[PDB]
Amino acid sequence: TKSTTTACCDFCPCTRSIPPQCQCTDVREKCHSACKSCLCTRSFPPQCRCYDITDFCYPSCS
């Protein structure tokens, strides 16, 4: 008992628009606990990916 796999990211790039929109371009196992766009590749292995739109970035995942 301490913590768990919360809403994370790894690579968190953003647009330089007004306002700026930040996203995740992470690719791993399943997507995190704050994804509105989540989608996977059909490849082998099929890896799942989060493409959320937030104003900000989340801490590093595992």
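Method of determination (from the header): solution NMR.
Every residue, even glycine, has its Cβ placed from backbone N, Cα and C.
Pulled from Swiss-Prot, these are the features on record:
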type     : residues : note
DISULFID : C8-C61   : disulfide bond
DISULFID : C9-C24   : disulfide bond
DISULFID : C12-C57  : disulfide bond
DISULFID : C14-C22  : disulfide bond
DISULFID : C31-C38  : disulfide bond
DISULFID : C35-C50  : disulfide bond
DISULFID : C40-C48  : disulfide bond
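Annotated features, which come from Swiss-Prot, shown on the structure.
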residue	record	Cβ contacts under 8 Å, 6 or more apart
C8	disulfide bond	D26, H32, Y58, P59, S60, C61, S62
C9	disulfide bond	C24, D26, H32, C50, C57, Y58, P59, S60, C61
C12	disulfide bond	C22, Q23, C24, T25, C57, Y58
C14	disulfide bond	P20, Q21, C22, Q23, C57
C31	disulfide bond	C38, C48, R49, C50
Going by C-beta under 8 A and a gap of 6 or more residues, the same-chain neighbours of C40 (disulfide bond) are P46, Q47, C48, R49
Enumerate same-chain residues with a sequence separation of six or more from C35 (disulfide bond) and a Cβ-Cβ distance below 8 A; give 'none' if the list is empty. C24, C50, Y51, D52
